[PDB]
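Going down the list, the protein sequences come from chains A and B.
Those letters in the first sequence? Residues 299 to 338, 350 to 716, by UniProt numbering.
Those letters in the second sequence? Residues 299 to 338, 348 to 718, by UniProt numbering.
Think of the CB as a built atom: it goes at the ideal place given N, C-alpha and C, for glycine as much as any other residue.
Presented below is the structure to which this report refers.
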Amino acid sequence: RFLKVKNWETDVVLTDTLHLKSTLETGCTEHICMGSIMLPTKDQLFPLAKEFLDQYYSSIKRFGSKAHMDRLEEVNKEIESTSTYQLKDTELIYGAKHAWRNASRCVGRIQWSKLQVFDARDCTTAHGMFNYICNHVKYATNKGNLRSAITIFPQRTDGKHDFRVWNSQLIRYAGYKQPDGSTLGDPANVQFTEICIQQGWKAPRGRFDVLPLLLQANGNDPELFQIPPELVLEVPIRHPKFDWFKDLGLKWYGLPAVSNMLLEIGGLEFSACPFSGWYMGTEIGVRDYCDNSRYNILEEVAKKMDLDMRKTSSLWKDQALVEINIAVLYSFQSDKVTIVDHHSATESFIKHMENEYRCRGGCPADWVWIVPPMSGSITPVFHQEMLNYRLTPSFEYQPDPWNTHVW
Amino acid sequence: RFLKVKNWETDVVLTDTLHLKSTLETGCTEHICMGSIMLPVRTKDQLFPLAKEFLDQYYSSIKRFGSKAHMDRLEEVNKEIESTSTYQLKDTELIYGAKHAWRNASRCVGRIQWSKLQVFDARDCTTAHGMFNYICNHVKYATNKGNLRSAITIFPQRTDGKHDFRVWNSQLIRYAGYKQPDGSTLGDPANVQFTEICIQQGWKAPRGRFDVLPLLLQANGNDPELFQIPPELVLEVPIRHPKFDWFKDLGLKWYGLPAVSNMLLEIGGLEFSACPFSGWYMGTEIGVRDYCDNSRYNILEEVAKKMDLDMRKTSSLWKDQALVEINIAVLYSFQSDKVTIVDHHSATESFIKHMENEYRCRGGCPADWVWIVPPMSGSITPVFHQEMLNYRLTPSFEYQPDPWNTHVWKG
Ligand code: HEM
Ligand code: HEM
Ligand SMILES: Nc1ccc2ccc(CCNCCCc3cccc(F)c3)cc2n1
Ligand SMILES: Nc1ccc2ccc(CCNCCCc3cccc(F)c3)cc2n1
Ligand SMILES: C[C@H](O)[C@H](O)[C@H]1CNc2nc(N)[nH]c(=O)c2N1
Ligand SMILES: C[C@H](O)[C@H](O)[C@H]1CNc2nc(N)[nH]c(=O)c2N1
Ligand SMILES: [Zn+2]
């Protein structure tokens, strides 16, 4: 019932009670652990609204006040009559911040309470969404001094009128198959790149072509828009000691900004809610560059370093991997674009867990995602037991819209 | 119920039906996942079902299910339980058992090898001296002058829980740790406590950085006895680096035989509390964990110093750089002395092929991702991208409490 987590490097033991407030289900049972699976009405809504409002008013130390009981009645009335309800600004801000706070896969959560929330609930068209998105991108980029933010479009009503950003992130690079049969650019976005072309985009057909935005308002068909290049901050990737590294021709974008998730607050569903923070180096250098199914450049780099690629046991992949990641961090830091390394991020998160254990009674954490994709055991999160559970408000995945949409 | 796992790099999808034969519990529920928690005497009552399930599995594996020999064995075990309260395994069922425990070990990346296990039956053993003899033979056979062979030695099973056989060491070969008055540690910090127990039982400690510990062996619930493993039987490898000549001057070595001696083997409800087993090392066990854990030898700083890396900011990745070099060294050293070792790329690739084969022939392969993924360079190994289902089959290896917290001293 009251659960303990131990750090095996420091012997620090924390007691978890926040898990008892968990509501949603994990995928696991007493017979099977699903910890490494990537994705495991009016009557329905009031309990949801109540649970959310009760936590809001406790958070502002007004649990059981006239103000609390009055709001519970006001939303109860609004549901009974309208079948949905509207969040107050203050509740919206709190909800969004708490969706990040409860994101068990996110190592960056020490920052959860500095999140700039942009209320785009008055938006009605794709051109509108475009305008809101450009303002978000420019505000968050802050000329390389990056600031966290979320922009919240209108909530689902009857699911026939959804707002969606079809892009998986606001800024991503294009991918094209070839008659060759190999792949130019980013192979993860091949299908989305086709949908854009198939919608009308004129692809330059390069390695690092910033994709166009595809925005859907009110369940209408979505529309293309180019983000002004001047708003897309990019970093050329060089190495502090390998001169030839610059000649590989690599760059990445400064602003990580996920746009295909659904934000759930007090039972209400916000299907378009792009948010952004800043990169941990490994996301670009380990995953983007070195995944077999991504830019997959390890082979090409190890060659330039003249390492022995005859045997896996020379650890030539490993050697190359480190150098790529030293380069990513170096380039960003040199150009003054915020980035965090995996050592500093994981250390922060250990302190965040401490803070949340004492102030909140726990911190849901998914170990499989929190431990970085390189050098796991030399980061302190490797040795830290974590309990994973689902709290609300939350971010959730949702199906890619082209499987759902009705044209 | 059929359950799919997807490899996200290859798009290979596999279907698990084997999870249906799982009886024991995970620690998890529908509301909490305990997948990163390190650790989440029987009556006639609970024993014949466990026996029967074990023998239905054994008899299916040999294609004799429902034969007269299957039924007669069931009847014979039943009578022996209700007459004597326990029962004895046949040699063949013991071999099958020990192998399936390995095969079912969800945290083991080296399971491709499960069916090549040399089983030594030590169930006639009665004294600590007899245990020492058995363990020596295990170590010489397994070592095989550097061409390592997998093996397990099985001492008598638990009876009333008051006559247990235990190996007090956590591995058959492991180095001392000594806490100094100034708070520093000499040798391996992981073994301080155990080193302290040996001292007190009368071991005269050389007190160096790499002193092979003595065996502390308990037979028949008796007080443990100290033995020294003959040094000529302890194969060791000095660590050097193929390019950095100063690496040898760090003074490092390691032993070649990894041999876990503190787990409990369960087969058809029987509990073997002393069942030391051994394979060979994956390089990262020594290079990443044994040398570079902060709570272990912790040589990262000294290695980075000698490489004159930039140690003023973690963003130089000086730690990551030092770690790869140390691991290269470990692998070069073992290979140069012709001692079996496997790198993490080779081992994880093998495992993915094992896992696939197991889904085809067995209908599943339980696997613990937190443990299967190597502790360096995770995402450039294919296991990182592999979805896995973790569940508990029997026979199985299990943890047990350290014997010094439970033993009743005789004096
Ligand atoms: C401020 C800097 C931030 C850092 C360094 C950071 C770091 C990370 C990292 C490394 C991951 C794993 C991503 C992957 O491997 O695909 C992650 C996942 C996640 N982060 Fe954060 N994050 C940050 C800000 C945010 C903010 C502002 C939000 C929300 C407001 C957020 C919500 C999430 C969610 C929902 C996931 C997992 C989504 C999924 O399950 O696919 N992150 N983050
Ligand atoms: C033949 C070469 C072998 C290799 C390379 C291999 C590799 C590994 C590695 C890397 C781990 C995780 C170790 C750690 O990080 O602490 C492991 C765990 C395990 N292995 Fe294997 N193994 C091998 C043979 C065996 C044998 C012969 C047995 C039993 C007969 C076995 C049973 C297990 C068990 C029970 C664990 C989990 C221990 C725990 O939960 O603490 N291994 N093995
Ligand atoms: N630096 C940051 C900041 C915020 C982030 C917020 C979210 C994310 C992760 C976005 N990942 C979604 C894609 C993961 C996925 C899941 C299932 C299947 C699949 F193909 C891909 C990364 C972040 N990085
Ligand atoms: N190369 C091999 C072969 C067989 C192996 C068999 C088992 C093992 C792991 C042995 N570790 C036992 C203790 C793990 C543990 C659990 C809880 C707390 C703790 F500090 C350590 C490693 C192996 N390596
Ligand atoms: C199969 C496994 O769940 C999958 O590869 C996961 C593992 N851990 C991860 N961890 C992070 N941070 N990001 C990811 O995409 C993944 N992918
Ligand atoms: C807390 C966490 O589960 C623990 O540190 C685990 C993580 N994964 C591991 N994986 C292996 N192979 N060996 C280990 O000791 C550990 N330690
Ligand atoms: Zn689980």
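Asked                                                                                                                                                                                     : Found
Between residue 372(A) and residue 356(A), what straight-line distance do the alpha-carbon atoms span, to the nearest angstrom?                                                           : 17 Å
According to a CB-to-CB cut-off of less than 7 Å, which residues of the stretch 586-597 of chain A neighbour chain B?                                                                     : 595 and 596
If you draw a straight line from the C-alpha of residue 697(A) to the C-alpha of residue 324(B), how long is it?                                                                          : 14 Å
Residues of chain B with CB closer than 7 Å to the CB of residue 621(A), please, in chain order.                                                                                          : 650, 652 and 653
Let me make sure I understand the geometry here. Which of 486(B), 472(B) and 406(B) has the alpha-carbon closest to that of residue 458(B)?                                               : 406(B)
Applying a beta-carbon distance threshold of less than 9 Å, which residues of chain A neighbour residue 698(B)?                                                                           : 329, 330 and 331
Here's the rule I'm using: 16 or more other beta-carbon atoms within 10 Å means buried, otherwise exposed. How should residue 454(A) be labelled?                                         : exposed
Quick one: residues with CB closer than 5 Å to any heavy atom of ligand 4, in chain order, please.                                                                                        : 336(B), 565(B), 567(B), 586(B) and 588(B)
Write down every uninterrupted run of the alpha helix (DSSP H) in the stretch 385-428 of chain B whose length is 4 residues or greater and which is fully enclosed by it, in chain order. : 398-410
Does DSSP put residue 715(A) in a helix, a strand or coil?                                                                                                                                : coil
When you compare the CB of residue 610(B) with every CB in chain A, is at least one pair closer than 7 Å?                                                                                 : no
Should residue 603(A) be listed as close to ligand 1, given that the test is whether its C-beta is under 6 Å from any heavy atom?                                                         : no
Below 8 Å on the Cβ atoms is my guess for residue 700(A) versus residue 319(A); work out the distance and round it to an integer in Å.                                                    : 7 Å
When burial is assigned at 16 or more other CB atoms within 10 Å of the CB, is residue 328(B) buried or exposed?                                                                          : exposed
Use the C-beta contact count for residue 460(A): other C-beta atoms within 10 angstroms, 16 or more gives buried, fewer gives exposed.                                                    : buried
Any Cβ of chain B within less than 7 Å of the Cβ of residue 627(A)?                                                                                                                       : yes
Are the beta-carbon atoms of residue 401(B) and residue 671(B) separated by less than 7 Å?                                                                                                : no
Compare the Cα-Cα distances from residue 613(A) to each of 632(A), 621(A), 622(A) and 604(A) and report the closest residue.                                                              : 632(A)
Put residue 537(B) into one of helix, strand or coil per three-state DSSP.                                                                                                                : coil
Assign residue 582(B) to one of two classes, buried (16 or more other C-beta atoms within 10 Å of its C-beta) or exposed (fewer than that).                                               : buried
For residue 573(A), decide whether its Cβ has a neighbour in chain B, counting only Cβ atoms nearer than 7 Å.                                                                             : no
Can you tell me the Cα-Cα spacing of residue 647(A) and residue 546(A), whole angstroms?                                                                                                  : 15 Å
Please state the DSSP three-state secondary structure of residue 492(B).                                                                                                                  : strand
Counting only beta-carbon atoms, is residue 638(A) nearer than 7 Å to chain B?                                                                                                            : yes
Quick check: is the beta carbon of residue 671(B) nearer than 7 Å to any beta carbon in chain A?                                                                                          : no
Among all the DSSP beta bridges, which residues are the ones paired with residue 486(A)?                                                                                                  : 492(A)
Beta-carbon within less than 7 Å of residue 665(A)'s beta-carbon, same chain only, minus the 5 sequence neighbours each way: which residues are those?                                    : 671 and 672
List the residues of chain A whose Cβ lies closer than 9 Å to the Cβ of residue 324(B), in chain order.                                                                                   : 326, 327, 328, 329, 330 and 331
Could you give the distance in angstroms between the alpha-carbon of residue 628(A) and the alpha-carbon of residue 564(B)?                                                               : 27 Å
Given 8 Å as the limit, is there contact between the stretch 532-544 of chain A and the stretch 554-568 of chain A, that is, 3 or more CB pairs closer than that?                         : yes
Short of 6 Å in beta carbon distance, which residues of its chain neighbour residue 694(A), apart from the five on each side in sequence? Order them along the chain.                     : 303 and 304
Which runs of the beta strand (DSSP E), 3 residues or longer, sit entirely within the stretch 617-648 of chain B?                                                                         : none
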